[PDB]
Structures are given as structure tokens and as C-alpha cells.
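Peer 1: Structure incoming, see below.
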Amino acid sequence: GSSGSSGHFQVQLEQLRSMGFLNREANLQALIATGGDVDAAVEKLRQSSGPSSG
């Protein structure tokens, strides 16, 4: 980090954000479940996200 608060799942969120995961709220929870792991989260986020919903 270079001058700026230290978030929990920032970097991890960053990527997600790019992927189109504009659901930090969900991403977080997921990230929490996994423990920060993004790849894993994704695998979850994807699953969680029903067939066209959100």
C-alpha cells in the first residue's frame, strides 16, 4: 500500500470488480467464507449467482 487506509479484501475485490463483480457486499461475505481467496470466491460467486438474478 502507498498512502491509504488498509482495507480487508481490497486487492481481492479489485480484480473481482474488473471481472464485473459489482457486489462487494456479496464478494466480501464470499471472501470471508473462503478467507480472502478470490479464485475460490469466484467459484462461489458464480454458483451463488442464480440463472440471471441480482
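By order of appearance in the C-alpha cells: chains A, B, ..., then residues from 1 within every chain, and ligands from 1 in the order shown.
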Let's see if you can do this: from backbone DSSP, list all alpha helix (DSSP H) residues in chain A, as a ChimeraX atom specification.
Peer 2: /A:10-19,24-34,38-48
Peer 1: Compile the contact shell of residue 15 (chain A) as a count of residues only: residues with an atom at most 12 Å away, counting only C-alpha atoms, same-chain residues fewer than 2 positions apart removed.
Peer 2: 18
Peer 1: What does the structure give for the distance between CA of residue 23 (chain A) and CA of residue 4 (chain A), in Å to one decimal?
Peer 2: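 Distance reported for this atom pair: 22.3 Å.
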Peer 1: Taking into account only C-alpha atoms, which residue in the set A:8, A:54, A:49, A:16 is nearest to residue 36 (chain A)?
Peer 2: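 Ranking A:8, A:54, A:49, A:16 by distance to residue 36 (chain A), first place goes to A:8.
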Peer 1: What's the separation between CA of residue 29 (chain A) and CA of residue 43 (chain A), in Å to one decimal place?
Peer 2: 13.4 Å
